[PDB]
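Participant: One structure is given below, represented as structure tokens, and several questions about it will come after.
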Amino acid sequence: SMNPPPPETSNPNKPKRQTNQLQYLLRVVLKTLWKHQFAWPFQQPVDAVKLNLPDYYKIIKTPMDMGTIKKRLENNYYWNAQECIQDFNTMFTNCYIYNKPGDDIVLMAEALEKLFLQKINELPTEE
Ligand SMILES: Cc1noc(C)c1-c1ccc2c(c1)[C@H](c1ccccc1)N(C)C2=O
């Protein structure tokens with residue numbers, strides 16, 4: 001009626017596997033971002049109805065969030081680390097497209113992206 005359905009988090013037609021990189025993505029990358037002071041707005045899809053943002057899902061056509069990412073990791077939805085890293089990048093990029101520089105939500109996203117890029121830089125070799 002207003003919010004779209006969320007991005008897919010299970011589908012037996014999607015190829016998937018477990019890898020050491022995807023396991024790092026969950027144990028290190030996601031859990032470090034999740035517990036941060038500024039994580040809360042990113043922990044579930046944007047609720048455009050609650051927020052009175054009738055333009056959000058006209059502007060953001062590939063929504064993403066960390067709740068979605070957590071479910072995709074916990075359900076082993078991904079084929080590789082690059083797909084998961086793409087989701088994080090989409091989440092951050094969406095935030096910056098929709099909001100103004102120096103908006104609180106952007107400063108919050110920036111703080112989390114800084115941490116994300118630190119953890120990604122130590123993505124271990126596929127083993
Ligand atoms: C993430 C995200 N990308 O664009 C928007 C808009 C959001 C977004 C997602 C959720 C919320 C808020 C904003 C918003 C808010 C405004 C300012 C600072 C912090 C939180 N609030 C009250 C929420 O529960």
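Every chain in the structure tokens takes a letter, A first, then B, and so on in the order presented; its residues are numbered from 1, and the ligands are numbered from 1 following the presented order.
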Using only C-alpha atoms and all ligand atoms, which residues have at least one atom no more than 10 Å from ligand 1? Output them as number ranges by chain.
Facilitator: A: 38-48, 50-53, 56, 60, 63-66, 91-100, 103-109
Participant: For the structure I just gave you, how does DSSP split chain A - specifically, which residues are alpha helix (DSSP H)? Reply as JSON, numbers by chain.
Facilitator: {"A": [20, 21, 22, 23, 24, 31, 32, 33, 34, 56, 57, 58, 59, 66, 67, 68, 69, 70, 71, 72, 73, 74, 81, 82, 83, 84, 85, 86, 87, 88, 89, 90, 91, 92, 93, 94, 95, 96, 97, 98, 104, 105, 106, 107, 108, 109, 110, 111, 112, 113, 114, 115, 116, 117, 118, 119, 120, 121]}
Participant: Residues of region 57-86 of chain A that have any atom at most 6 Å from an atom of region 15-32 of chain A: could you tabulate them with the shortest-distance atom pair and the distance in Å to one decimal, using only C-alpha atoms, ordered by chain and increasing number, as CSV?
Facilitator:
```
residue,atom,partner,partner_atom,distance
A:77,CA,A:16,CA,5.6
A:78,CA,A:16,CA,5.1
A:79,CA,A:16,CA,4.2
A:81,CA,A:22,CA,5.3
```
Participant: Kindly give the distance, in Å, that separates CA of residue 116 (chain A) and CA of residue 71 (chain A), rounded to a single decimal.
Facilitator: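 CA of residue 71 (chain A) lies at a distance of 17.9 Å from CA of residue 116 (chain A).
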Participant: Counting only C-alpha atoms, figure out which residue out of A:125, A:80, A:3, A:118 gets nearest to residue 58 (chain A).
Facilitator: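 Under the stated criterion, the closest residue is A:3.
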Participant: I need the residue nearest residue 113 (chain A) from this list: A:68, A:90, A:62, A:76. Use only C-alpha atoms for the distance.
Facilitator: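 For residue 113 (chain A), the nearest of the given residues is A:90.
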Participant: Between A:69, A:55, A:75, A:61, which has the minimum distance to residue 87 (chain A) (counting only C-alpha atoms)?
Facilitator: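 Closest candidate: A:69.
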Participant: Quick one: distance from CA of residue 86 (chain A) to CA of residue 72 (chain A) in Å, one decimal?
Facilitator: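 Distance between the two atoms: 12.6 Å.
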Participant: For a quick check of understanding, using only C-alpha atoms, which of A:102, A:67, A:1, A:35 has the smallest distance to residue 88 (chain A)?
Facilitator: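 Looking only at the distances to residue 88 (chain A), the closest residue turns out to be A:67.
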Participant: Can you tell me how far CA of residue 2 (chain A) sits from CA of residue 54 (chain A), in Å to one decimal?
Facilitator: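 Going from CA of residue 2 (chain A) over to CA of residue 54 (chain A), I get 8.2 Å.
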